[PDB]
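Report on one structure; see the data block that follows.
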Amino acid sequence: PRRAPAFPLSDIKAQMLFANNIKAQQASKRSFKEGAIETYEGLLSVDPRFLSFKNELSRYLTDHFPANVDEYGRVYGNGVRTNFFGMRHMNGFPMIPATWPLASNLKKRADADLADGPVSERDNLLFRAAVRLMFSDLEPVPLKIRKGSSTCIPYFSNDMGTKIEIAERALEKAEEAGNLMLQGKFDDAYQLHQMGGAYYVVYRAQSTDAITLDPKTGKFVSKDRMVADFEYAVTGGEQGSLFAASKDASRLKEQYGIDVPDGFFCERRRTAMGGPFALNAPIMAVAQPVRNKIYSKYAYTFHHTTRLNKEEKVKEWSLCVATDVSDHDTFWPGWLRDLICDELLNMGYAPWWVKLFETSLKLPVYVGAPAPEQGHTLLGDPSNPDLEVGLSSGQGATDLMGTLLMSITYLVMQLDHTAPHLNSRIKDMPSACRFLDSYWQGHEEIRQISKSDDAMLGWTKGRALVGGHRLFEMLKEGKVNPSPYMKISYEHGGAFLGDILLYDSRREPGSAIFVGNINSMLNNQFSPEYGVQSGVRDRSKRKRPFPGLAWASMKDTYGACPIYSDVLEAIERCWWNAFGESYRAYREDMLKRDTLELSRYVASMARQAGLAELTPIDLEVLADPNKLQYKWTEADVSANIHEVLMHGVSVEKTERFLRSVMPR
Ligand SMILES: Nc1nc2c(ncn2[C@@H]2O[C@H](COP(=O)(O)O[C@H]3[C@@H](O)[C@H](n4cnc5c(=O)[nH]c(N)nc54)O[C@@H]3COP(=O)(O)OP(=O)(O)OP(=O)(O)O)[C@@H](O)[C@H]2O)c(=O)[nH]1
Ligand SMILES: [Mg+2]
Ligand SMILES: [Mg+2]
Ligand SMILES: [Mn+2]
């Protein structure tokens with residue numbers, strides 16, 4: 001029932017997605033590639049000492065610090081959620097094949113029994129009220145662009161000057177492109193303004209993934225990751241198959257002569273979509289202002305920074321429920337995209353801009369190389385965007401889309417199972433708006449803190465509380481999905497935005513605290529997602545600009561973990577056995593070196609002034625700017641630092657553009 005149309009690279013529809021320049025042409029042909037990452041300068045991820053080290057350290061920590069998570073998924077004690085075997089992957093070598101992205105998720109949602117539109121008028125009112133509170137009184141800001149990022153689509157440029165140009169040109173022609181699309185002229189819009197085309201699909205690494213040790217066999221087992229072949233992806237799952245990707249690393253010996261120790265596997269690979277920059281710029285121009293609004297006015301449920309920032313809110317609750325959403329992005333509903341557009345039109349947003357936005361959520365995807373001998377296929381017709389991939393990762397507002405979907409979904413789950421007495425407060429748009437406004441500010445007896453699919457649901461004392469406990473119990477039994485919109489369950493080892501909520505014997509929000517996830521310290525130091533890219537001169541353009549700085553924020557980020565010291569000591573001891581050196585000393589040097597290299601990028605830094613002024617956040621971000629795209633926002637990072645990583649378009653250019661978009 002409607003297979004998505006598909007075109008090979010050689011087809012003209014695919015060829016037009018790539019400009020006549022070397023970069024674009026190469027991106028279109030890039031074949032499957034693998035190899036050890038350069039974990040740290042001079043250290044390959046498959047280095048025998050390094051794998052020996054990982055073998056001993058993971059076995060030791062698992063053995064001495066088994067998980068402390070109760071039947072309700074709350075973690076207590078040692079603050080450990082699971083074993084430490086996740087670090088056992090040959091980083092840089094992926095599971096084969098990666099998945100083909102689903103062209104349509106309608107069947108996937110229907111088969112999972114999720115609704116195909118708001119199920120009640122109340123719900124419809126709440127989603128629309130969310131659009132209203134989020135997109136209403138926006139203040140222009142400048143359009144910030146990540147240094148070294150690709151404009152993808154037709155040009156695949158990384159040059160800042162070229163990006164700035166593209167973005168400014170896009171803010172000037174967005175209106176005319178939008179109108180062309182309203183007339184059904186997508187090709188004209190793509191050809192004249194590069195707004196359209198496709199998302200460029202690239203596979204990324206989730207460096208660590210669950211592994212277990214079968215006490216029976218003494219053998220390790222990697223978690224199966226299901227992937228869809230092409231047939232399955234273009235037919236929405238109607239045909240083709242869904243199967244376990246192979247994580248088996250034996251092949252590395254045979255193929256590259258790399259020695260594979262027992263119990264080491266290939267990495268899990270996730271899909272990433274690079275959006276066509278001319279189309280995303282007009283969207284990012286509105287999206288940042290929305291973020292500024294929800295982070296300020298609705299800071300209670302949406303602005304999260306420190307462990308204490310979150311702790312303050314949750315400590316006042318009588319019950320805290322850590323939720324989990326299964327595969328959020330691919331389940332995200334296109335009907336919400338259409339509801340949001342509809343409400344934006346109602347609020348008075350420019351039609352051409354809503355059209356740009358709507359189209360960015362229906363765009364075809366160009367699949368590059370999921371496995372050797374596979375790929376180079378465009379899914380969907382750019383002449384008539386109509387894909388239902390769910391939520392595309394590089395769209396300019398994917399975080400807002402997930403947050404709008406989930407924040408309401410969690411509220412609905414609270415109303416449905418614990419606070420029916422609040423329904424009478426939601427009768428129409430005005431009252432829905434008032435109620436959501438109050439709820440989002442933490443003023444109701446039911447509350448939440450969330451960011452897209454990560455969240456914690458709260459109940460203060462009151463009528464809803466007894467329901468809250470029944471909901472939790474429903475989640476623990478896990479036989480009934482509590483939401484009609486997405487598959488929700490409880491997180492096993494509850495955490496929020498990286499911080500584990502540590503409970504004591506009371507097992508209550510009031511006497512619980514937020515600590516760092518010690519396992520993540522280990523993932524970040526021994527299993528980064530990218531190599532150090534030392535051949536890239538401009539450090540600011542690297543995926544990991546200054547790896548050494550994370551050493552200076554380690555105590556800050558993980559100090560509160562019950563087993564912090566023990567882990568540092570096991571590391572030191574295992575590093576000695578593997579490398580005959582002190583790990584601490586190795587890091588202190590890397591920390592000194594990167595501190596000096598940093599002063600060359602920061603103006604306000606003397607050619608050796610210390611890290612004195614920088615916050616823990618600043619450092620974690622300089623060592624891994626990726627956290628700026630899922631954990632923190634420009635606002636949480638010092639300004640002299642933010643300029644190392646980003647550049648912007650003038651406020652006057654975006655101000656004039658915002659004005660033409662908004663109602664008032
Ligand atoms: N580890 C991980 N998880 C990732 C992921 N992309 C998407 N997920 C999904 O997030 C949840 C929770 O996973 P968990 O390992 O329990 O905790 C993660 C997660 O909450 C968060 N996080 C890391 N990377 C991302 C990301 O790109 N997007 C989102 N939305 N959330 C992310 O950080 C916690 C700690 O991660 P870790 O210590 O492994 O550090 P990484 O540097 O490896 O993260 P990365 O994004 O790769 O740079 C589950 O549904 C999971 O499927 C991902 O990449 N890694
Ligand atoms: Mg999960
Ligand atoms: Mg990361
Ligand atoms: Mn969580």
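Here's how to read the names in the structure tokens: chain A, B, ... by the order shown, residue numbers from 1 in each chain, ligand numbers from 1 in the order shown.
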Discussion item. To check your reading of the model: which residues sit at most 7 Å from ligand 4 when counting only C-alpha atoms and all ligand atoms? Write the answer as a list in words.
Written reply: residues 322, 323, 324, 454, 455, 456, 491, 494, 495, 496 and 497 of chain A
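Around ligand 3, using only C-alpha atoms and all ligand atoms and a cut-off of 8 Å, the residues in contact are residues 524, 528, 529, 624, 626 and 627 of chain A.
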Practice prompt. Among the residues of stretch 459-652 of chain A, find those DSSP assigns to strand (DSSP E) from the backbone and print them as JSON, numbers by chain.
Written response: {"A": [459, 488, 489, 490, 495, 496, 499, 500, 501, 502, 513, 514, 515, 646, 647, 648]}
Discussion item. Set the distance at 6 Å and use only C-alpha atoms: which residues neighbour stretch 23-32 of chain A once local chain neighbours fewer than 6 positions away are removed? I'd like the list as a ChimeraX atom specification.
Written reply: /A:155-156,369,371-372
Same residues, N, CA, C and O atoms, saved as a CSV table (one decimal), in the first residue's frame:
chain,number,residue,atom,x,y,z
A,155,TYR,N,25.3,21.8,-2.1
A,155,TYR,CA,26.7,22.2,-2.1
A,155,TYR,C,27.7,21.5,-1.2
A,155,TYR,O,28.8,21.4,-1.6
A,156,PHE,N,27.3,21.0,-0.1
A,156,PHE,CA,28.2,20.3,0.8
A,156,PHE,C,29.4,21.2,1.1
A,156,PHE,O,30.5,20.7,1.0
A,369,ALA,N,25.6,5.0,2.5
A,369,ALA,CA,26.2,3.7,2.5
A,369,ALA,C,26.1,2.9,3.8
A,369,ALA,O,26.9,3.1,4.7
A,371,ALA,N,26.2,-0.3,4.3
A,371,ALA,CA,27.0,-1.5,4.3
A,371,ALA,C,27.8,-1.5,3.0
A,371,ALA,O,27.5,-0.7,2.1
A,372,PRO,N,28.8,-2.4,2.9
A,372,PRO,CA,29.6,-2.5,1.7
A,372,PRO,C,28.6,-2.8,0.6
A,372,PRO,O,27.7,-3.7,0.8
Discussion item. Report as a PyMOL selection string all protein, DNA and RNA residues lying within 10 Å of residue A:408, evaluated on only C-alpha atoms, omitting residues in the same chain fewer than 6 positions from it.
Written reply: chain A and resi 123-124+126-130+414+436+485
Any chance you could tabulate, as a tab-separated table, the residues of stretch 185-260 of chain A at most 12 Å from stretch 145-154 of chain A with each one's nearest atom pair and distance in Å to one decimal, using only C-alpha atoms, in chain and rising number order?
residue	atom	partner	partner_atom	distance
A:190	CA	A:154	CA	9.3
A:191	CA	A:154	CA	9.7
A:192	CA	A:154	CA	11.6
A:193	CA	A:154	CA	10.3
A:194	CA	A:154	CA	7.0
A:195	CA	A:153	CA	9.4
A:196	CA	A:153	CA	8.8
A:197	CA	A:153	CA	7.2
A:198	CA	A:153	CA	6.9
A:199	CA	A:153	CA	7.1
A:200	CA	A:153	CA	6.7
A:201	CA	A:152	CA	9.9
A:202	CA	A:152	CA	10.8
Residues up to 10 Å from ligand 2, counting only C-alpha atoms and all ligand atoms: could you list those as a PDB file with C-alpha atoms, in the first residue's frame?
ATOM      1  CA  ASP A 324      11.022   5.980  28.781  1.00  0.00           C
ATOM      2  CA  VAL A 325       9.945   6.352  25.168  1.00  0.00           C
ATOM      3  CA  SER A 326      10.662   3.587  22.734  1.00  0.00           C
ATOM      4  CA  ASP A 327      12.408   4.735  19.437  1.00  0.00           C
ATOM      5  CA  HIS A 328      10.991   8.260  19.550  1.00  0.00           C
ATOM      6  CA  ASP A 453      11.791  11.892  25.075  1.00  0.00           C
ATOM      7  CA  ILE A 488       5.861   4.716  27.210  1.00  0.00           C
ATOM      8  CA  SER A 489       7.345   2.553  30.025  1.00  0.00           C
ATOM      9  CA  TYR A 490       9.497   3.368  33.068  1.00  0.00           C
ATOM     10  CA  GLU A 491      13.258   3.876  32.693  1.00  0.00           C
ATOM     11  CA  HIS A 492      15.181   0.983  34.346  1.00  0.00           C
TER      12      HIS A 492
END
Practice prompt. Quick one: everything within 10 Å of residue A:377, counting only C-alpha atoms, minus sequence neighbours fewer than 5 positions away in the same chain. Send it as a PyMOL selection string.
Written response: chain A and resi 6-11+14+28+230+365-369
Worksheet item: Hey, what does DSSP flag as helix (DSSP H, G or I) within stretch 534-635 of chain A? Can you give it to me as a ChimeraX atom specification?
Response: /A:539-541,547-558,564-579,583-599,616-623,625-629,634-635
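For the set A:521, A:536, A:281, A:43, the residue with the smallest atom-to-atom gap to ligand 1 is A:521, counting only C-alpha atoms and all ligand atoms.
Between atom CA of residue A:647 and atom CA of residue A:610 there is a distance of 24.1 Å.
Closest approach to residue A:166 among A:92, A:468, A:276, A:97: A:276, based on only C-alpha atoms.
The nearest approach to residue A:383 among the residues A:359, A:615, A:431, A:438, with only C-alpha atoms taken into account, belongs to A:359.
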Which residues of stretch 279-350 of chain A sit at most 8 Å from stretch 507-514 of chain A, using only C-alpha atoms? Give each one's shortest atom pair and distance in Å (one decimal place), in chain and ascending residue order, as a Markdown table.
| residue | atom | partner | partner_atom | distance |
| --- | --- | --- | --- | --- |
| A:307 | CA | A:514 | CA | 5.4 |
| A:308 | CA | A:514 | CA | 7.1 |
| A:310 | CA | A:514 | CA | 7.6 |
| A:311 | CA | A:514 | CA | 6.0 |
| A:314 | CA | A:509 | CA | 6.2 |
| A:315 | CA | A:510 | CA | 4.3 |
| A:316 | CA | A:510 | CA | 6.1 |
| A:317 | CA | A:509 | CA | 6.0 |
| A:318 | CA | A:509 | CA | 6.2 |
| A:319 | CA | A:509 | CA | 6.2 |
| A:320 | CA | A:509 | CA | 6.2 |
